[PDB]
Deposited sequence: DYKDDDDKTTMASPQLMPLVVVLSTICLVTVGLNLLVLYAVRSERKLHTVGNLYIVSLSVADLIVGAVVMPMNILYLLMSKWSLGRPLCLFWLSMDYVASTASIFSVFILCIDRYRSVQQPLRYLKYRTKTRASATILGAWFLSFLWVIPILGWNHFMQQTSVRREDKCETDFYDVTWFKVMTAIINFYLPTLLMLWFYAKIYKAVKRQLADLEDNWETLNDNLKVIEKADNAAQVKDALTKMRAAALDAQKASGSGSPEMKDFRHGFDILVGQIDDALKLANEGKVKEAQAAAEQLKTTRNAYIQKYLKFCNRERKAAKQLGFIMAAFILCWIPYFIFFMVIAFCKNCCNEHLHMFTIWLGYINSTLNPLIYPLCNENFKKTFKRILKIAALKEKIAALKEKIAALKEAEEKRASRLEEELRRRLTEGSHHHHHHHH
């Protein structure tokens, strides 16, 4: 009776998130000058972003309006949320791989940046994401140990290991890549400058949005009586606000999106 208007606001977030994602997808599939050989990489993120919104928005809202469906639907919800997040933070990983390779002194380079390899690496990211999904459905039947939380919530060590891997290794390798990109930018004395700003703003938006979620998650990872239902919702939804913002963060630095966004 005192939290429903907030639920309505989070529901209103859905329309703009889905609209922005579909707008980016249509922009890529329309303009040849915008149909860049590398833009397809970021498209993966957008596609993942779109999935996120849908597969998370009503269901999680249906989690808030209701108090504490069945097993298959909620399990699929968790699995697809996990695959969407992993696919996003590996589309960004592929983007940083490609920026690192392309800005590294391109003498015997620029010949491994085609579109077939773009599709191949996107397919590989999707396949590895599904391989990460498989544990969500099959935590049981592999090991032998009303609400539907993560199935391995009672297992602290696996939780810590997966969080550590899927945050540190992407984010730390990404910071390495961004630092070397910035070093190359500084030594190479504007489109490259705006690409650097785009990568920097995407980095700032995750780090800032998913540092509270991860810090509180890792505090939970060793103690149970340390976070209620409140200090977690306000972090998950800042992260999803970040996912919504990324389609609008794209034109801020790479503003070639002018004509296609105002057709």
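- Several segments of the deposited sequence have no coordinates for C-alpha: 1-13, 82-83, 161-166, 211-312, 387-438, numbered from the first residue.
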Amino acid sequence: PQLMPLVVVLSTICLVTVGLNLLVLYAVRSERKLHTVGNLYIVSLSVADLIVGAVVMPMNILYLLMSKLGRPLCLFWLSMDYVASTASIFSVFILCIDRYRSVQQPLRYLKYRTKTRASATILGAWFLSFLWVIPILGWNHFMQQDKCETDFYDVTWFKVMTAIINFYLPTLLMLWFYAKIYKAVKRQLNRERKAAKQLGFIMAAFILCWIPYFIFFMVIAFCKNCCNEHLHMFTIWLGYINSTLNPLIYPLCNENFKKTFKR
From here on, numbers count along this sequence of modelled residues.
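- Of the other entries compared for this protein that flank it with modelled residues, a third or more give no atoms for residue 112.
- Residue 145 is a gap in at least a third of the other entries compared, counting only those with both neighbours built.
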